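Visitor: Coordinates only, no sequence provided:
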Ligand SMILES: *[C@@H]1O[C@H](CO)[C@@H](O)[C@H](O)[C@H]1NC(C)=O
């Protein structure tokens, strides 16, 4: 039900696209998102 | 590869790749969702 827009990962290879910006800086303007320490599976555990 | 470039006065740093965007005949620059340039028409080859 909840859609998480950031969901930080390794997105440099992902970023390259026809509509490159696709977005919330797309990293290029200096804004990134760090992953949580506890993954969703670890919280589920 | 990551190069510096100057395309008809527009300058910057980046990797230039083959585009699949279709510019209409009068367009020279393209921009993304955040009003920054993300594509150019080559002044000599007219490739986007
Ligand atoms: C510029 O000159 C080159 C010479 O080979 C030609 O191939 C190219 O099409 C020319 N571009 C324009 C826009 O006239």
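Guide: Noted; the coordinates are in hand. Residues are numbered from 1 along each chain as shown, chains lettered A, B, ... in the order given.
Visitor: For the rest of this, base every contact and every neighbour count on C-alpha atoms.
Guide: Noted.
Visitor: What distance do you get for the residue sitting nearest the centre point of chain B to chain A?
Guide: Centre of chain B computed as the mean C-alpha position; nearest residue by CA atoms, centre = their mean is residue B:40, 1.7 Å away. In this structure, residue B:40 and chain A are separated by 13 Å, where distance is defined by CA to the nearest CA, to the nearest Å.
Visitor: What are the phi and psi values at the residue lying closest to that residue once chain neighbours are set aside?
Guide: Computed as CA to CA, 6 or more residues apart in numbering or on different chains, the closest residue to residue B:40 that is not its neighbour in sequence is residue B:29, at 4.7 Å. Dihedral angles phi and psi of residue B:29 (degrees, to the nearest 10) take the values phi -120, psi 150.
Visitor: now swap in residue B:38 and tell me
Guide: In this entry, residue B:38 is assigned phi and psi values of phi -130, psi 10 (degrees, to the nearest 10).
Visitor: which ones are touching the residue nearest to residue B:40?
Guide: B:37-41 (CA atoms under 8 Å, 6 or more residues apart in numbering or on different chains).
Visitor: May I see the ChimeraX selection of the buried members of the residues you listed?
Guide: Of the contacts of residue B:29, the buried ones go into a single ChimeraX selection, burial set by 16 or more other CA atoms under 10 Å in any protein chain shown:
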select /B:38,39,40,41
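Visitor: quick one: which of the contacts of residue B:29 is nearest to chain A?
Guide: residue B:38 (7.6 Å; CA to the nearest CA).
Visitor: is the closest residue to that closest one other than its chain neighbours in a bridge, and if so with what?
Guide: Across the structure, with CA to CA, 6+ apart as the measure, the residue nearest residue B:38 apart from its sequence neighbours is residue B:31 (5.1 Å). Here residue B:31 sits in beta bridges with residue B:37, going by DSSP bridges.
Visitor: Residue B:31 is in contact with residue B:37, isn't it?
Guide: Yes - between residue B:31 and residue B:37 a contact is recorded at 4.2 Å, counting by CA atoms under 8 Å.
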